[PDB]
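Undergrad: Sharing a structure here in structure tokens format.
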Amino acid sequence: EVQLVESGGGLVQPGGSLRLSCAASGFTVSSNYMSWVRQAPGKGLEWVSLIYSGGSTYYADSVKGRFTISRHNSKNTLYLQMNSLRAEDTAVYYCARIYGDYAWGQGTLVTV
Amino acid sequence: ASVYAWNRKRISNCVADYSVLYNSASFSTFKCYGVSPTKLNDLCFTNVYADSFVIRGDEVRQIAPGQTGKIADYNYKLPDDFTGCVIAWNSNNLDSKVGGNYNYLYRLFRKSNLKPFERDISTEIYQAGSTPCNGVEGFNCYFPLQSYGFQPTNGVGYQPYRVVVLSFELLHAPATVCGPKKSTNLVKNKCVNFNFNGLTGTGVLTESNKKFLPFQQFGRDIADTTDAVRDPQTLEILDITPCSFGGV
Amino acid sequence: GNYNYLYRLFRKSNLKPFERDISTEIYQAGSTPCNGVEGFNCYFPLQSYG
Amino acid sequence: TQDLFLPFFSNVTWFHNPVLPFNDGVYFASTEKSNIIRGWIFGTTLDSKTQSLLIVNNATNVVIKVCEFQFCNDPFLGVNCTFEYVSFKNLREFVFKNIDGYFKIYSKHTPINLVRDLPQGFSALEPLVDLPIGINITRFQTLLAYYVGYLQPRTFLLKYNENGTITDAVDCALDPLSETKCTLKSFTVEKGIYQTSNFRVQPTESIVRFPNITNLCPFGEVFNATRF
Amino acid sequence: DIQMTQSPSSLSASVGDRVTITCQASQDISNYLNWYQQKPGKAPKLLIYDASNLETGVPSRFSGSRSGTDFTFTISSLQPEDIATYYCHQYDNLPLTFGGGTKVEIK
Ligand SMILES: *[C@@H]1O[C@H](CO)[C@@H](O)[C@H](O)[C@H]1NC(C)=O
Ligand SMILES: *[C@@H]1O[C@H](CO)[C@@H](O)[C@H](O)[C@H]1NC(C)=O
Ligand SMILES: *[C@@H]1O[C@H](CO)[C@@H](O)[C@H](O)[C@H]1NC(C)=O
Ligand SMILES: *[C@@H]1O[C@H](CO)[C@@H](O)[C@H](O)[C@H]1NC(C)=O
Ligand SMILES: *[C@@H]1O[C@H](CO)[C@@H](O)[C@H](O)[C@H]1NC(C)=O
Ligand SMILES: *[C@@H]1O[C@H](CO)[C@@H](O)[C@H](O)[C@H]1NC(C)=O
Ligand SMILES: *[C@@H]1O[C@H](CO)[C@@H](O)[C@H](O)[C@H]1NC(C)=O
Ligand SMILES: *[C@@H]1O[C@H](CO)[C@@H](O)[C@H](O)[C@H]1NC(C)=O
């Protein structure tokens, strides 16, 4: 019924770009607060960005000018576009729901 | 009032002195958009709206043209061409209670952003998915209003702030609200540069024997020049004698 | 953001033609003297373009 | 001066609550014996559709409101809001005009002993209240004999006494003697011949002559060309 | 950025023992704190939302008790399947802050 699936991870050279996907089922993405949260190995969990239901976008202080979030209406898939990846950006990325419940994808691996 | 249910007060048919608002030192935020913080006593508007609501310290900067935020999208939106001034000050000593104050609520979940100057007070259960709620909270069914829970021990960003928004709108219709410029004491029998309600000039103000009608303010001579005037404060008719001049 | 380029943000009166003002005195927006301290009614006259 | 003044010796409608148009400004004359007429309504529709003027003196104070009131089919008196203010033997004359959003009201009270016809004489109406309404007005009605006039932009010569009141006036568009008085700027003129105006025969028909061409200029060949 | 540190870093307890950790905040949060359980190789799971309410599907043996600015987690009975990393994350402040983590093992 409800499950978040992620795809698009891989090995990217520094200075490159990548796009992730987060397809949802059982609920409406546009009517709920979405977020992308990563976790570098060997340390704690780190928030990155969120998007509002109306379309307002915000990002963390470390990802100003580099990360972009978007959403395609018809297939109900959440995307995260990143540009100019650095060595510290190697982390396991997740897509989650901000409030009312916590829904977590299976996770994908991004290595820089 | 709450931020989602902010009250609007219409101000008209009165004189307003905006100098006491600036020279008060009790407001934490005093910024005006479109107009200057000073020189507000020389402006006239048809109507003035006064909106008031209570938010936390972090959401104060969200009320501005060209800015976004939860409050800006779902609680109170200003237009891009907004003109006016925003008044805000700390209110921890009045809006906070021990154990949390729940009287103030905020709207969090909405399908689309609010249009500028919109007041939404709907208490419908928000549908977060394809399953209808039917007025029952649960999974994918969240109540749109949440409690702030202000406490006196809260930090600066978490302290409640009372915010008053002043709206300045104009139209061809006559200005009902205007500001009072300072009126110096009247001086008599000297060559001075005077200005009154409708005219300016230079001359000598002397007491007259003219009998103006109770509604009349200005006097005119034969060749369309001003010879007498009524003081806007004291009901005294004053002749305008031109200052002594001549060729050498 | 390139913050090296600045413009004057507050001044009491308009400039004369071909006038060059390089003063960095703190602008006094009220009746209280600033004494070189920024704060309420005390603003730095230069603003960065960014 | 030139302003909206009622033309001298013109027709005014005699009444004994119909709706009348508000074309350029309306002069109201009322004769009272027992305070019959109480107030007026000004607006365009006056059916709770837009802002309308309601000035009612209910026997103790004059009340002026600009709200979008829902009026009856025949409003009468028995025996969104932006502004609100609370204050035959006699003749009460009134002037109502609305210029640039300013509703100017002029009035004058005098005792009379003649009820057969409006009195013949001269009197000046002073302004008392000014209304900053900013509201378009096209129709009105009277709330309860009275007379209704209309104001026209006609030039008048006003005689001012030593006290500043208007004692006599001249209608510059009434008759050529008044044209002489307006040209010479004197209420009494001397004998002689004077030039006052110019006579022009007004056209009676409008003729538009263009050639009868069914063929249209080929703008589609130029604007909608494939290659430029 | 808001300053937030968890305490302690790691601890070990037996089955059914009483485990108590604390979450320390420099700035006072009224009630905006959530607790998460990150299994090894699995995503964190929300247990307590708004620091006082039980999420549906979570056993009652997990509770959050406010202690002024700091918030303390409560474990009535520890089990070998409860080995996870403990996080407290303050909400309504940007950036959202997730702590370093607290590891609880079975001895
Ligand atoms: C202004 O106030 C003075 C007394 O303070 C009074 O004598 C005067 O009539 C007032 N003028 C008006 C226009 O109200
Ligand atoms: C209106 O006034 C004219 C004078 O210009 C007069 O000839 C005519 O009879 C009047 N009509 C009515 C209905 O009184
Ligand atoms: C006259 O009518 C107005 C309606 O706005 C009302 O407020 C006022 O009290 C009335 N006065 C009397 C004496 O009935
Ligand atoms: C008052 O005016 C507003 C204009 O936005 C309109 O929406 C509202 O329906 C009006 N109220 C009444 C009672 O006509
Ligand atoms: C009155 O009519 C004019 C017609 O040009 C229109 O422009 C104006 O907006 C109207 N007034 C109001 C208050 O709508
Ligand atoms: C002016 O008014 C005085 C009384 O105030 C009166 O005696 C005099 O006759 C009046 N003069 C004129 C020309 O009306
Ligand atoms: C226009 O009308 C005249 C007669 O009025 C006629 O002789 C002429 O042929 C007409 N023009 C065309 C183009 O038909
Ligand atoms: C060009 O074609 C469009 C589409 O049919 C038409 O609307 C337009 O009028 C044409 N241009 C001219 C000059 O006729």
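Residue numbers (our numbering), protein chains in the order written: chain A, 165 to 276; chain B, 18 to 265; chain C, 111 to 160; chain D, 3 to 230; chain E, 65 to 171.
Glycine is no exception: its CB is placed at the ideal position from the N, C-alpha and C atoms.
#1: Which residue spans inside the segment 145 to 216 of chain D form an unbroken beta strand (DSSP E) run of at least 3?
#2: Output the distance between the C-alpha atoms of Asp-34 (chain B) and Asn-240 (chain A), rounded to the nearest integer angstrom.
#3: Measure the beta-carbon distance from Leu-120 (chain D) to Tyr-149 (chain D) and round it to whole angstroms, keeping in mind my assumption that it falls under 8 Å.
#4: Which residues in the same chain have their Cβ closer than 8 Å to the Cβ of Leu-156 (chain C), if we skip the five residues on either side of it in sequence?
#5: Just reading off the alpha helix (DSSP H) that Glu-186 (chain B) is part of, what are its end residues?
#6: Going along chain B in order, which residues have a C-beta closer than 7 Å to the C-beta of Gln-88 (chain E)?
#7: Does any heavy atom of ligand 7 sit closer than 8 Å to the C-beta of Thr-63 (chain B)?
#8: Would you mind reading off the limits of the alpha helix (DSSP H) that contains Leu-60 (chain B)?
#9: From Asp-256 (chain B) to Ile-195 (chain D), what does the alpha carbon distance come to, in whole angstroms?
#10: Taking Cβ-Cβ distances shorter than 9 Å, what residues in chain B pair up with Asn-98 (chain E)?
#11: Which bits of chain E does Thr-170 (chain B) rub up against, with CB to CB less than 8 Å?
#12: For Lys-87 (chain B), which residues of its own chain have a beta-carbon under 8 Å away from its beta-carbon, when the five flanking residues on both sides are left out?
#13: Is it buried or exposed, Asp-265 (chain A), if we count other Cβ atoms within 10 angstroms and call 16 or more buried?
#14: Counting only C-beta atoms, is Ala-105 (chain B) closer than 9 Å to chain G at any point?
#15: So, is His-111 (chain D) buried or exposed, given that buried needs 16 or more other C-beta atoms within 10 angstroms?
#16: In angstroms, rounded to a whole number, what distance separates the CA positions of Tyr-159 (chain C) and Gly-136 (chain D)?
#17: Can you tell me where the alpha helix (DSSP H) with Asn-109 (chain B) in it begins and where it stops?
#18: Can you name the residues of chain B whose CB is closer than 7 Å to the CB of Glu-95 (chain D)?
#19: Under a criterion of Cβ closer than 7 Å to any non-hydrogen atom of ligand 7, which residues qualify, in chain order?
#20: Looking at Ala-175 (chain D) and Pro-9 (chain D), is the spacing between their C-beta atoms short of 9 Å?
#21: Is the segment 175 to 192 of chain A touching the segment 35 to 42 of chain B, taking contact as three or more C-beta pairs under 8 Å?
#22: Is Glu-148 (chain C) near ligand 3, in the sense that its beta carbon is under 8 Å from a heavy atom of that ligand?
#23: For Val-79 (chain E), count neighbouring C-beta atoms within 10 Å of its own C-beta (all shown protein chains included) and say buried if the count is 16 or more, exposed if not.
#24: Please give me, in chain order, every unbroken run of the beta strand (DSSP E) with length at least 3 that falls completely inside the segment 74 to 117 of chain B.
#25: Let me confirm a value: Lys-35 (chain D) is counted as buried when at least 16 other C-beta atoms fall within 10 Å, else exposed. Which label applies?
#26: Taking 8 Å as the cut-off, is the C-beta of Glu-86 (chain D) nearer than that to any heavy atom in ligand 3?
#27: Looking only at its chain, what residues have a beta carbon closer than 7 Å to the beta carbon of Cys-186 (chain A), apart from the 5 residues adjacent to it on each side?
#28: In whole angstroms, what separates the C-alpha of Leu-130 (chain D) from that of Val-103 (chain B)?
#29: Any heavy atom of ligand 1 inside 8 Å of the beta-carbon of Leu-252 (chain B)?
#30: Straight-line CA distance for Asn-206 (chain B) to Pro-259 (chain B)?
#31: Based on DSSP bridge pairs, tell me the residues matched to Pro-113 (chain D).
#32: For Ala-251 (chain A), name the three-state secondary structure that DSSP assigns.
#33: Hey, would you say residue 16 (chain E) sits closer than 9 Å to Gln-91 (chain E), going by beta carbons?
#34: Under 9 Å between the Cβ atoms of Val-115 (chain B) and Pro-169 (chain B)?
#35: How many angstroms separate the CA atom of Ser-188 (chain D) from the CA atom of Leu-216 (chain B)?
#36: With a cut-off of 5 Å, give the chain-ordered residues whose Cβ is closer than this to any heavy atom of ligand 6.
TA: Working from what's here:
#1: 148 to 150, 154 to 162 and 168 to 173
#2: 55 Å
#3: 6 Å
#4: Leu-116, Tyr-117, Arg-118, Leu-119 and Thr-134
#5: Premise fails: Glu-186 (chain B) lies in the beta strand (DSSP E), 177 to 186, not in any alpha helix (DSSP H).
#6: By Cβ distance, chain B contributes nothing, its closest Cβ being about 14 Å from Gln-88 (chain E), past 7 Å.
#7: no
#8: Counting along the chain, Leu-60 (chain B) falls outside any alpha helix (DSSP H), and DSSP gives it neither H nor E.
#9: 41 Å
#10: Correct list: empty, because the minimum Cβ distance to chain B is about 14 Å.
#11: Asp-92, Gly-132 and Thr-133
#12: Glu-76, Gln-79, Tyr-123 and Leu-125
#13: buried
#14: Any reference to chain G falls outside this structure, whose protein chains are A, B, C, D and E.
#15: exposed
#16: 44 Å
#17: 109 to 112
#18: Chain B residues near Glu-95 (chain D): none, gap ~17 Å exceeds 7 Å.
#19: D:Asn-214, D:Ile-215 and D:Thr-216
#20: yes
#21: no
#22: no
#23: exposed
#24: 101 to 107
#25: exposed
#26: yes
#27: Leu-168, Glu-170, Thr-241, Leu-242, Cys-259 and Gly-269
#28: 39 Å
#29: yes
#30: 11 Å
#31: D:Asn-92
#32: helix
#33: Past the boundaries of the shown model lies residue 16 (chain E); chain E is included only from 65 to 171, so the question cannot be answered.
#34: yes
#35: 30 Å
#36: D:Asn-163, D:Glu-164 and D:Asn-165
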